[PDB]
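Reproduced below: final-v7.txt, with compact mmCIF, N, CA, C and O atoms.
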```txt
# COMPACT_ATOMS: atom_id res chain seq x y z
N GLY V 1 -10.99 -29.04 -1.64
CA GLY V 1 -10.66 -29.56 -0.30
C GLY V 1 -10.76 -28.48 0.76
O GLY V 1 -11.87 -28.19 1.25
N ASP V 2 -9.61 -27.88 1.11
CA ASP V 2 -9.53 -26.77 2.08
C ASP V 2 -10.20 -25.51 1.49
O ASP V 2 -9.75 -24.98 0.45
N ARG V 3 -11.28 -25.06 2.14
CA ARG V 3 -12.06 -23.88 1.72
C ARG V 3 -11.42 -22.61 2.29
O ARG V 3 -11.88 -22.04 3.29
N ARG V 4 -10.30 -22.22 1.66
CA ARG V 4 -9.48 -21.08 2.07
C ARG V 4 -10.15 -19.74 1.67
O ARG V 4 -10.17 -19.36 0.50
N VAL V 5 -10.77 -19.08 2.66
CA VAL V 5 -11.43 -17.79 2.48
C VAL V 5 -10.42 -16.65 2.68
O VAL V 5 -9.82 -16.53 3.75
N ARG V 6 -10.21 -15.85 1.63
CA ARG V 6 -9.38 -14.64 1.67
C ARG V 6 -10.30 -13.44 1.38
O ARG V 6 -10.37 -12.95 0.24
N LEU V 7 -11.07 -13.02 2.41
CA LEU V 7 -12.04 -11.92 2.27
C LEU V 7 -11.30 -10.57 2.28
O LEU V 7 -10.92 -10.06 3.33
N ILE V 8 -11.05 -10.04 1.08
CA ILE V 8 -10.48 -8.70 0.89
C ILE V 8 -11.64 -7.75 0.58
O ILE V 8 -12.03 -7.59 -0.59
N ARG V 9 -12.25 -7.20 1.65
CA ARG V 9 -13.38 -6.27 1.55
C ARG V 9 -12.94 -5.00 0.79
O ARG V 9 -11.89 -4.43 1.10
N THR V 10 -13.73 -4.60 -0.23
CA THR V 10 -13.41 -3.45 -1.08
C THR V 10 -13.74 -2.14 -0.33
O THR V 10 -14.79 -1.51 -0.53
N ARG V 11 -12.84 -1.78 0.61
CA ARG V 11 -12.98 -0.58 1.44
C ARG V 11 -12.35 0.60 0.67
O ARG V 11 -11.13 0.60 0.44
N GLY V 12 -13.19 1.55 0.23
CA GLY V 12 -12.73 2.69 -0.57
C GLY V 12 -13.88 3.57 -1.03
O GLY V 12 -14.51 3.29 -2.06
N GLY V 13 -14.18 4.61 -0.24
CA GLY V 13 -15.16 5.64 -0.60
C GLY V 13 -14.49 6.98 -0.82
O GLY V 13 -13.41 7.05 -1.43
N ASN V 14 -15.12 8.06 -0.33
CA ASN V 14 -14.59 9.44 -0.41
C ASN V 14 -14.44 10.03 1.01
O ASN V 14 -14.49 11.25 1.20
N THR V 15 -14.22 9.13 1.99
CA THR V 15 -14.09 9.48 3.41
C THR V 15 -12.83 10.34 3.66
O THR V 15 -11.70 9.85 3.56
N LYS V 16 -13.06 11.64 3.95
CA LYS V 16 -12.00 12.60 4.27
C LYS V 16 -11.62 12.46 5.76
O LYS V 16 -12.46 12.67 6.64
N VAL V 17 -10.36 12.10 6.01
CA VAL V 17 -9.82 11.87 7.36
C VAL V 17 -8.27 11.81 7.28
O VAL V 17 -7.70 11.53 6.22
N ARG V 18 -7.59 12.12 8.40
CA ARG V 18 -6.13 11.96 8.50
C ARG V 18 -5.78 10.47 8.63
O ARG V 18 -6.59 9.68 9.16
N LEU V 19 -4.60 10.10 8.11
CA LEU V 19 -4.11 8.70 8.04
C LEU V 19 -4.24 7.93 9.38
O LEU V 19 -3.46 8.10 10.31
N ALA V 20 -5.30 7.11 9.45
CA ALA V 20 -5.61 6.23 10.58
C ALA V 20 -6.65 5.21 10.12
O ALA V 20 -6.44 4.00 10.22
N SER V 21 -7.78 5.73 9.61
CA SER V 21 -8.84 4.92 8.97
C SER V 21 -8.68 4.91 7.44
O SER V 21 -9.34 4.12 6.75
N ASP V 22 -7.80 5.79 6.93
CA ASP V 22 -7.46 5.90 5.50
C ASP V 22 -6.00 6.35 5.40
O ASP V 22 -5.70 7.55 5.50
N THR V 23 -5.09 5.37 5.27
CA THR V 23 -3.65 5.63 5.16
C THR V 23 -3.35 6.34 3.83
O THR V 23 -3.55 5.77 2.77
N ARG V 24 -2.89 7.60 3.90
CA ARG V 24 -2.60 8.41 2.71
C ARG V 24 -1.08 8.54 2.54
O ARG V 24 -0.34 8.60 3.54
N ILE V 25 -0.63 8.57 1.28
CA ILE V 25 0.80 8.65 0.93
C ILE V 25 0.98 9.48 -0.36
O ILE V 25 0.20 9.34 -1.30
N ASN V 26 2.02 10.33 -0.40
CA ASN V 26 2.38 11.09 -1.60
C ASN V 26 3.35 10.23 -2.40
O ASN V 26 4.53 10.12 -2.05
N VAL V 27 2.82 9.60 -3.44
CA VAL V 27 3.59 8.70 -4.31
C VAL V 27 4.25 9.53 -5.41
O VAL V 27 3.56 10.09 -6.27
N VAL V 28 5.57 9.66 -5.33
CA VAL V 28 6.38 10.39 -6.31
C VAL V 28 6.97 9.39 -7.30
O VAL V 28 7.92 8.67 -6.98
N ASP V 29 6.34 9.30 -8.47
CA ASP V 29 6.80 8.45 -9.58
C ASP V 29 8.21 8.95 -10.01
O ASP V 29 8.33 10.06 -10.52
N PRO V 30 9.29 8.14 -9.79
CA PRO V 30 10.67 8.62 -9.93
C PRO V 30 11.13 8.73 -11.41
O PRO V 30 12.12 9.41 -11.70
N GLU V 31 10.41 8.05 -12.33
CA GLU V 31 10.72 8.08 -13.77
C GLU V 31 9.84 9.13 -14.51
O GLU V 31 10.36 9.95 -15.26
N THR V 32 8.52 9.08 -14.26
CA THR V 32 7.53 9.90 -15.00
C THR V 32 7.28 11.25 -14.30
O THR V 32 7.00 12.25 -14.97
N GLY V 33 7.40 11.27 -12.96
CA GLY V 33 7.21 12.50 -12.17
C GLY V 33 5.81 12.68 -11.62
O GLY V 33 5.50 13.74 -11.06
N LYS V 34 4.94 11.66 -11.79
CA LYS V 34 3.56 11.67 -11.27
C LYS V 34 3.56 11.72 -9.72
O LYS V 34 3.86 10.72 -9.07
N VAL V 35 3.21 12.88 -9.16
CA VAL V 35 3.08 13.06 -7.70
C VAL V 35 1.58 13.09 -7.35
O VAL V 35 0.88 14.06 -7.66
N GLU V 36 1.10 12.00 -6.74
CA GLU V 36 -0.33 11.78 -6.44
C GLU V 36 -0.49 11.19 -5.05
O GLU V 36 0.28 10.30 -4.66
N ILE V 37 -1.51 11.66 -4.31
CA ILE V 37 -1.83 11.15 -2.98
C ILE V 37 -2.70 9.89 -3.16
O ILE V 37 -3.89 9.97 -3.48
N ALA V 38 -2.06 8.73 -3.02
CA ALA V 38 -2.72 7.42 -3.07
C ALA V 38 -3.02 6.92 -1.65
O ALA V 38 -2.61 7.55 -0.66
N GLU V 39 -3.74 5.80 -1.55
CA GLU V 39 -4.04 5.15 -0.26
C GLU V 39 -3.21 3.87 -0.18
O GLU V 39 -3.17 3.11 -1.15
N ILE V 40 -2.56 3.62 0.98
CA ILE V 40 -1.87 2.36 1.20
C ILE V 40 -2.93 1.28 1.49
O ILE V 40 -3.61 1.30 2.53
N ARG V 41 -3.07 0.36 0.52
CA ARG V 41 -4.10 -0.68 0.51
C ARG V 41 -3.68 -1.86 1.38
O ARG V 41 -4.45 -2.36 2.20
N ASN V 42 -2.44 -2.31 1.17
CA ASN V 42 -1.81 -3.37 1.97
C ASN V 42 -0.38 -2.94 2.30
O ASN V 42 0.21 -2.15 1.58
N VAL V 43 0.16 -3.46 3.41
CA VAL V 43 1.58 -3.25 3.80
C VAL V 43 2.30 -4.61 3.63
O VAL V 43 3.10 -5.05 4.47
N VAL V 44 1.96 -5.27 2.50
CA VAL V 44 2.55 -6.55 2.10
C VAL V 44 4.02 -6.34 1.65
O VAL V 44 4.32 -6.03 0.50
N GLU V 45 4.91 -6.40 2.64
CA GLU V 45 6.36 -6.40 2.45
C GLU V 45 6.83 -7.84 2.73
O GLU V 45 7.53 -8.45 1.93
N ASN V 46 6.38 -8.36 3.89
CA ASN V 46 6.69 -9.73 4.35
C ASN V 46 5.40 -10.46 4.74
O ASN V 46 5.31 -11.69 4.60
N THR V 47 4.38 -9.71 5.22
CA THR V 47 3.04 -10.27 5.54
C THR V 47 2.24 -10.55 4.24
O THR V 47 1.40 -9.75 3.79
N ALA V 48 2.56 -11.70 3.62
CA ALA V 48 1.95 -12.14 2.36
C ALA V 48 0.64 -12.90 2.63
O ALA V 48 0.58 -13.72 3.55
N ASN V 49 -0.39 -12.60 1.79
CA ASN V 49 -1.76 -13.14 1.90
C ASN V 49 -2.47 -12.64 3.18
O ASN V 49 -1.96 -12.85 4.28
N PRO V 50 -3.62 -11.91 3.06
CA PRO V 50 -4.47 -11.51 4.22
C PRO V 50 -4.81 -12.68 5.17
O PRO V 50 -5.68 -13.51 4.86
N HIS V 51 -4.07 -12.78 6.30
CA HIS V 51 -4.33 -13.78 7.36
C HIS V 51 -4.60 -13.05 8.70
O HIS V 51 -3.75 -13.01 9.59
N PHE V 52 -5.81 -12.44 8.80
CA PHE V 52 -6.26 -11.66 9.99
C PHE V 52 -5.31 -10.44 10.23
O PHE V 52 -5.23 -9.89 11.33
N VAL V 53 -4.62 -9.99 9.17
CA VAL V 53 -3.63 -8.90 9.27
C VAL V 53 -4.22 -7.56 8.81
O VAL V 53 -4.94 -7.49 7.80
N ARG V 54 -3.92 -6.51 9.58
CA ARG V 54 -4.27 -5.11 9.27
C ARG V 54 -3.11 -4.21 9.73
O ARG V 54 -3.31 -3.02 10.05
N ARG V 55 -1.89 -4.79 9.72
CA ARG V 55 -0.66 -4.16 10.22
C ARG V 55 -0.35 -2.84 9.48
O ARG V 55 -0.03 -2.86 8.29
N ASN V 56 -0.46 -1.72 10.20
CA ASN V 56 -0.12 -0.39 9.68
C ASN V 56 1.20 0.10 10.34
O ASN V 56 1.44 1.30 10.55
N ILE V 57 2.09 -0.88 10.66
CA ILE V 57 3.47 -0.59 11.07
C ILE V 57 4.30 -0.37 9.79
O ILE V 57 4.88 -1.30 9.21
N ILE V 58 4.25 0.88 9.32
CA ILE V 58 4.86 1.32 8.07
C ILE V 58 6.15 2.09 8.38
O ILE V 58 6.11 3.12 9.05
N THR V 59 7.29 1.55 7.94
CA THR V 59 8.62 2.11 8.22
C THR V 59 9.32 2.53 6.93
O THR V 59 8.92 2.12 5.84
N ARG V 60 10.37 3.37 7.05
CA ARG V 60 11.18 3.82 5.91
C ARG V 60 11.97 2.62 5.32
O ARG V 60 12.55 1.82 6.08
N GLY V 61 11.98 2.52 3.98
CA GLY V 61 12.60 1.40 3.27
C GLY V 61 11.67 0.22 3.06
O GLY V 61 12.06 -0.76 2.44
N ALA V 62 10.44 0.31 3.60
CA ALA V 62 9.43 -0.76 3.45
C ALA V 62 8.71 -0.65 2.10
O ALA V 62 8.52 0.45 1.58
N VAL V 63 8.35 -1.81 1.53
CA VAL V 63 7.52 -1.89 0.33
C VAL V 63 6.05 -1.96 0.77
O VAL V 63 5.61 -2.94 1.39
N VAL V 64 5.30 -0.90 0.48
CA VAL V 64 3.85 -0.84 0.71
C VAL V 64 3.13 -0.93 -0.64
O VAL V 64 3.74 -0.69 -1.68
N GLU V 65 1.86 -1.30 -0.62
CA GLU V 65 0.99 -1.29 -1.82
C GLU V 65 0.07 -0.07 -1.76
O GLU V 65 -0.47 0.24 -0.69
N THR V 66 -0.11 0.62 -2.90
CA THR V 66 -0.97 1.81 -3.00
C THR V 66 -1.87 1.70 -4.24
O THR V 66 -1.86 0.67 -4.93
N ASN V 67 -2.65 2.77 -4.52
CA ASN V 67 -3.50 2.88 -5.72
C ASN V 67 -2.67 2.81 -7.02
O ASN V 67 -3.18 2.41 -8.07
N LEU V 68 -1.40 3.23 -6.94
CA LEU V 68 -0.50 3.32 -8.11
C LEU V 68 0.45 2.10 -8.17
O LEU V 68 1.26 1.99 -9.10
N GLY V 69 0.33 1.20 -7.18
CA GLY V 69 1.17 0.00 -7.06
C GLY V 69 2.09 0.08 -5.85
O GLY V 69 1.84 0.86 -4.93
N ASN V 70 3.15 -0.74 -5.84
CA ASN V 70 4.10 -0.79 -4.71
C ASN V 70 5.01 0.45 -4.67
O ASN V 70 5.46 0.92 -5.71
N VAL V 71 5.23 0.99 -3.45
CA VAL V 71 6.02 2.22 -3.21
C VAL V 71 7.07 1.97 -2.09
O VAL V 71 6.82 1.18 -1.17
N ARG V 72 8.24 2.63 -2.20
CA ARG V 72 9.22 2.71 -1.09
C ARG V 72 8.82 3.87 -0.20
O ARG V 72 8.66 4.98 -0.70
N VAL V 73 8.67 3.62 1.09
CA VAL V 73 8.44 4.67 2.07
C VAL V 73 9.77 5.43 2.27
O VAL V 73 10.73 4.86 2.78
N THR V 74 9.83 6.70 1.82
CA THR V 74 11.09 7.49 1.86
C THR V 74 11.12 8.35 3.13
O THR V 74 12.19 8.77 3.59
N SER V 75 9.92 8.60 3.69
CA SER V 75 9.72 9.41 4.90
C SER V 75 9.35 8.51 6.10
O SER V 75 9.47 7.28 6.03
N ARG V 76 8.96 9.14 7.21
CA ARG V 76 8.36 8.47 8.37
C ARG V 76 6.88 8.91 8.45
O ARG V 76 6.60 10.10 8.24
N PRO V 77 5.91 7.98 8.71
CA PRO V 77 4.49 8.34 8.95
C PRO V 77 4.35 9.28 10.17
O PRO V 77 4.50 8.85 11.32
N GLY V 78 4.13 10.58 9.90
CA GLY V 78 4.01 11.60 10.94
C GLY V 78 4.89 12.82 10.70
O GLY V 78 4.79 13.79 11.47
N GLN V 79 5.75 12.79 9.66
CA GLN V 79 6.62 13.94 9.30
C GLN V 79 5.76 15.11 8.78
O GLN V 79 5.56 16.11 9.48
N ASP V 80 5.21 14.96 7.57
CA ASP V 80 4.24 15.92 6.99
C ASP V 80 2.82 15.52 7.40
O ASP V 80 1.85 15.85 6.71
N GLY V 81 2.68 14.90 8.60
CA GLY V 81 1.51 14.09 8.94
C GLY V 81 1.41 12.86 8.04
O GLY V 81 1.72 11.73 8.46
N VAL V 82 1.00 13.11 6.80
CA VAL V 82 0.94 12.13 5.71
C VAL V 82 2.32 11.48 5.43
O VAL V 82 3.38 12.06 5.72
N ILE V 83 2.28 10.27 4.84
CA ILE V 83 3.47 9.51 4.38
C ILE V 83 3.85 10.02 2.98
O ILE V 83 2.99 10.53 2.27
N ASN V 84 5.13 9.94 2.61
CA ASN V 84 5.56 10.14 1.20
C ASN V 84 6.62 9.11 0.83
O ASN V 84 7.29 8.54 1.70
N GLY V 85 6.76 8.87 -0.49
CA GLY V 85 7.64 7.84 -1.01
C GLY V 85 7.84 7.93 -2.52
O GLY V 85 7.40 8.90 -3.14
N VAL V 86 8.50 6.91 -3.10
CA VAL V 86 8.74 6.82 -4.56
C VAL V 86 8.17 5.50 -5.11
O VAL V 86 8.35 4.44 -4.51
N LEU V 87 7.47 5.58 -6.26
CA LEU V 87 6.82 4.42 -6.88
C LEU V 87 7.88 3.43 -7.41
O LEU V 87 8.84 3.86 -8.05
N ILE V 88 7.70 2.13 -7.13
CA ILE V 88 8.68 1.07 -7.49
C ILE V 88 7.98 -0.12 -8.17
O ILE V 88 6.75 -0.23 -8.14
N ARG V 89 8.79 -1.01 -8.76
CA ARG V 89 8.30 -2.15 -9.56
C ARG V 89 8.75 -3.48 -8.90
O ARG V 89 9.31 -4.35 -9.57
N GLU V 90 8.51 -3.62 -7.57
CA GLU V 90 8.84 -4.86 -6.82
C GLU V 90 7.93 -6.02 -7.26
O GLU V 90 8.40 -7.06 -7.73
N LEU V 91 6.61 -5.81 -7.11
CA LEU V 91 5.60 -6.80 -7.49
C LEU V 91 5.03 -6.50 -8.89
O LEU V 91 5.25 -5.41 -9.45
N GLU V 92 4.31 -7.50 -9.41
CA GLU V 92 3.56 -7.45 -10.67
C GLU V 92 4.44 -7.09 -11.89
O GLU V 92 4.38 -5.97 -12.41
N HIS V 93 5.28 -8.05 -12.30
CA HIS V 93 6.12 -7.95 -13.51
C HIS V 93 5.42 -8.65 -14.68
O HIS V 93 4.95 -7.99 -15.62
N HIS V 94 5.35 -10.00 -14.61
CA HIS V 94 4.69 -10.82 -15.64
C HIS V 94 3.18 -10.82 -15.39
O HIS V 94 2.42 -10.29 -16.20
N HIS V 95 2.75 -11.38 -14.23
CA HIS V 95 1.34 -11.30 -13.79
C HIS V 95 1.09 -9.92 -13.17
O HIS V 95 1.95 -9.40 -12.48
N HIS V 96 -0.08 -9.34 -13.46
CA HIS V 96 -0.52 -8.07 -12.84
C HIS V 96 -1.83 -8.33 -12.08
O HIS V 96 -2.69 -7.47 -11.98
N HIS V 97 -1.91 -9.54 -11.50
CA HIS V 97 -3.05 -10.01 -10.69
C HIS V 97 -2.51 -10.78 -9.47
O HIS V 97 -1.54 -11.54 -9.60
N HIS V 98 -3.15 -10.57 -8.31
CA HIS V 98 -2.81 -11.23 -7.04
C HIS V 98 -3.96 -11.02 -6.02
O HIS V 98 -4.25 -11.93 -5.23
```

Conversion result in structure tokens:
Amino acid sequence: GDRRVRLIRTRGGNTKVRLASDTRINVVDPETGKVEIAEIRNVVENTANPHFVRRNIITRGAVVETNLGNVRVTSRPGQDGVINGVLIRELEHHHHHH
């Protein structure tokens, strides 16, 4: 019936730049200790399903999505320039697809 297009373009090369065209975050895995600079792919905290959204209004206590999964923003975007946070298990418990 309804031809619902959710075009999630696979944007991800080796483009070196400060967080604006490539949102970077230091994801500190709080159990394992894995500290890795991932990219914030979506800021799906409340803005669920890509509906013309590219909202990079990233605040402390927000659930963001990264290369390593969902993270709590522990800092403010602009402190160390880059964002930092701790890896969390909000999304993808039973299903690991969305």

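For the atom pair formed by atom C of residue 45 (chain V) and atom O of residue 65 (chain V), the distance is 11.4 Å, given to one decimal.
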
Residue 58 (chain V) surroundings by only N, CA, C and O atoms, 7 Å radius, close-in-sequence under 4 positions cut, as a list in words: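 Counting only the stated atoms, we get residues 62, 75, 76 and 77 of chain V.
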
Minimum-distance residue to residue 24 (chain V), chosen among V:91, V:41, V:4, V:54 (using only C-alpha atoms):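 Closest to residue 24 (chain V) of all the choices is V:41.
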
Residues of chain V in strand (DSSP E or B), written as a PyMOL selection string: chain V and resi 24-28+35-39+42+63-66+69-73+80+82-87

Selected residue of minimal separation from residue 74 (chain V) among V:26, V:56, V:15, V:47, counting only N, CA, C and O atoms: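 That would be V:26, the residue with the smallest distance to residue 74 (chain V).
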
Atom-to-atom span, CA of residue 71 (chain V) and CA of residue 86 (chain V), Å: 5.5 Å
